[PDB]
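Output the structure for:
(3 chains)
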Amino acid sequence: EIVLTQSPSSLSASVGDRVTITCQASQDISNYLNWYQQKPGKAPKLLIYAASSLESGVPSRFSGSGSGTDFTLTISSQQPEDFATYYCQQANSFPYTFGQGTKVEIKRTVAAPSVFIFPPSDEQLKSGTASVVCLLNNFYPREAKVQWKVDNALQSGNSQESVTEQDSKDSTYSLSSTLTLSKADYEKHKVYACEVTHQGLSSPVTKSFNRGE
Amino acid sequence: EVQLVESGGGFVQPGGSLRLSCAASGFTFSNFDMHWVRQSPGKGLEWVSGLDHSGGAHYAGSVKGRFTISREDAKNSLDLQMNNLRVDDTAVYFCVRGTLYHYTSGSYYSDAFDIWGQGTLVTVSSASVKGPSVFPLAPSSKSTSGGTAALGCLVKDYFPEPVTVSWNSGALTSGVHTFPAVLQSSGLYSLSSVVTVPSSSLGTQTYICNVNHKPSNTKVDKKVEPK
Amino acid sequence: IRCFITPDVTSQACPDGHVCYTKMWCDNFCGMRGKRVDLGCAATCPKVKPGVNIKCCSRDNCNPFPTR
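Numbers count the residues shown, from 1 in each chain, chains lettered A, B, ... in the order given. Shown next is the structure:
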């Protein structure tokens, strides 16, 4: 099959920036090359066909160029509406293949997280399990480190985390980490701590509680 | 108004079968090539199958021998029979229209995929249907605390996706973050939904997370009280 | 008015239209395929961008696919 590789895989842009995304094909595909835009939870939308031909209604800041093995999507003046994932796709031969996608994220100033720790509920502890949750709210950039410590023992392999899509209004991320122990393990320890490292923090922020207290 | 509406999504054990259907409206369906394209975080976009306006079927190698595309022109429908399902078939499936462009030299098909349905989720897992347990993420604060408090719901151990979460039946949207679910080693999903509020609102406002897991017909309203 | 409409290239009733048109333009396949062709009906002769050709006509089915 024909392999399409986009570069970069993700980038940060300000409103009004010129954005350039490249798509390289493993073999010559002439101009049988499309670009799609996709936002979270939505179907892809066709923007460009035949490498450079805009679909009806696509604004003039979008342009396509290239032929053969090398193609470029340019957004000459990045708008809020344009923060999305972009995919190239070849229609030269079966099977139809897509690039891996390029995610265009909003650049903004560094914002330190607000950090919150939640103890497990009595209802959950009655079921034999204890989930402790650490929330990192409204930070930028996306890179953050969460360390779970139980009586100063670093926990590994018993937590999972997830990160929201960038916020519409303030361009920030949030992160939720869940540490899950058995009730018996939860009841053996006193101090439960979430330790957060981020560019916005001069030193790591620790939120903790003491079980029972 | 050109529409593609998918149905027949669902969840099965490995080796199971499902049948997707797509209802086409607002164009002469029989004239167009039609396709199925799938998406997962780990496979990106992947073309699955196409059935051209001439009745010619094409398949990705990843589904050959297992999936069958068909259409009923008289009913404006396109189907995908999915047999011998594998865990790596787990994806959102889109019904997609190939372009039909006219030139002086004639009629050209499937240059691009111009109309896409909303997509329908297919999940293949050895896991069993299970409604979530909804636990509180209970804020603690001093009677004099200021700034921002956070509270939430932990929607734990459900299968399959998705769940929907609202706060106060949709009246609270400001400061709400519903996180992507994580898949646990149990094969069950877990998600959190949080809302940041004025600290003093903890004494004065009611916060209820409304959780719906249609696949298990499980609806839960969880009031979250400060401790 | 009755007009030919792409993509079907069938005669269709446009009860609120008064012209049929033929619109032609180069997309990036123009070198390989010749010009794109759009047939439709409108209330009035559509306005188009400089490199787009449009021909309007006011009789039923006056905008067949331009084969000759």
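
quick one: contacts for residue B:112?
Applying C-beta atoms under 8 Å, 6 or more residues apart in numbering or on different chains to residue B:112 gives the contacts A:34, A:46, A:49, A:89, A:91, B:98-99. The way it works is simple: take the backbone N, C-alpha and C, and place the C-beta from them, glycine included.

Which residue ranges of the chain form helices?
The chain I'm using is chain A. For chain A, applying DSSP state H gives helices covering A:122-126, A:183-187.

my question was about chain C
Under DSSP H, chain C gives helices at C:30-33.

and if you look at chain B?
With DSSP H as the criterion, chain B has helices spanning B:201-204.

what residue of it is the furthest out?
residue B:144 (43.3 Å; C-alpha atoms, centre = their mean).

quick one: which of the helices of chain A is nearest residue B:81?
Closest approach to residue B:81 among those is made by helix A:122-126 (42.0 Å; C-beta to C-beta).

wait, what's in contact with the residue nearest the centre of chain A?
Nearest to the mean C-alpha position of chain A, by C-alpha atoms, centre = their mean, lies residue A:165 at 5.9 Å. Taking C-beta under 8 Å, 6+ apart, we find residue A:165 in contact with residue A:40.

Quick check: phi and psi on it?
phi -60, psi 150 (degrees, to the nearest 10).

Can you name the residues that contact residue B:175?
B:195-197.

and chain A, which of its residues are near chain C?
When proximity is defined by C-beta under 8 Å from any C-beta of the partner chain, chain A lies next to chain C at A:31, A:49-53.

Repeat the analysis, applying 7 Å as the threshold.
Chain A comes close to chain C at residues A:31, A:50-53, as judged by C-beta under 7 Å from any C-beta of the partner chain.

Residues of chain B that sit close to chain C?
By C-beta under 7 Å from any C-beta, the residues of chain B that approach chain C are B:28, B:31, B:100-105, B:108.

What's the PyMOL syntax to select whichever of those residues are buried?
Selection of buried members from the residues of chain B next to chain C for PyMOL, criterion 16 or more other C-beta atoms under 10 Å in any protein chain shown:
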select buried, chain B and resi 100+101+102+103+108
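
Can you pull up the residues of chain C that come close to chain B?
Counting by C-beta under 7 Å from any C-beta, chain C sits next to chain B at C:6-8, C:33-37.

of the residues you listed, buried ones?
C:6-7, C:33, C:35-37.

Tell me the one among those nearest to residue A:204.
Of those, the one sitting nearest to residue A:204 (C-beta to C-beta) turns out to be residue C:36, at 60.1 Å.

Does that closest one touch residue B:100 like I think?
No - distance between residue C:36 and residue B:100: 11.7 Å, which falls outside the contact criterion (C-beta atoms under 7 Å).

Excluding residues flanking it in the chain, which one is nearest the residue in chain C positioned nearest to chain B?
Relative to chain B, the nearest point of chain C is residue C:34 (3.6 Å; C-beta to the nearest C-beta). Computed as C-beta to C-beta, 6 or more residues apart in numbering or on different chains, the closest residue to residue C:34 that is not its neighbour in sequence is residue B:104, at 3.6 Å.

just checking, that neighbour touches residue C:30?
No - with contact defined as C-beta under 7 Å, residue B:104 does not count as touching residue C:30 (9.6 Å).

picking that back up, tell me the most packed of the contacts of residue B:112, by neighbour count.
residue A:34 (28 neighbours; other C-beta atoms under 10 Å in any protein chain shown).

Show me what that one is bridged to.
residue A:89 (DSSP bridges).

Likewise for residue B:36?
Going by DSSP bridges, residue B:36 forms beta bridges with residue B:49, residue B:95.

Any figure for the gap between it and residue A:95?
Distance, residue B:36 to residue A:95, using C-beta to C-beta, to the nearest Å: 12 Å.

Please say which of these two ends up with more neighbours.
A side-by-side neighbour count of residue B:36 and residue A:95, using other C-beta under 10 Å, places residue B:36 first with 27 against 17.

ok, now which ones touch residue 19?
The chain I'm using is chain A. Residues in contact with residue A:19, defined by C-beta atoms under 7 Å, 6 or more residues apart in numbering or on different chains, are A:11, A:13, A:75, A:78, A:104.

you looked at the wrong chain, it should be chain C
By C-beta under 7 Å, 6+ apart, the residues touching residue C:19 are C:1, C:41-42, C:44-45, C:56-58.

re the thing from before, isn't the residue of chain C closest to chain B right up against residue B:108?
No - in this structure residue C:34 lies outside contact range of residue B:108 using C-beta under 7 Å: 10.9 Å.

who's the residue nearest to the spatial centre of chain B bridged to?
By C-alpha atoms, centre = their mean, chain B has its centre lying nearest to residue B:121, at 4.6 Å. Beta-bridge pairing of residue B:121 under DSSP bridges involves residue B:92.

isn't it right next to residue B:90, touching?
No - under the criterion of C-beta under 7 Å, residue B:121 makes no contact with residue B:90, lying 8.3 Å away.

burial measure for residue 50, as a count.
Going with chain A. 23.

please go with chain C instead
4.
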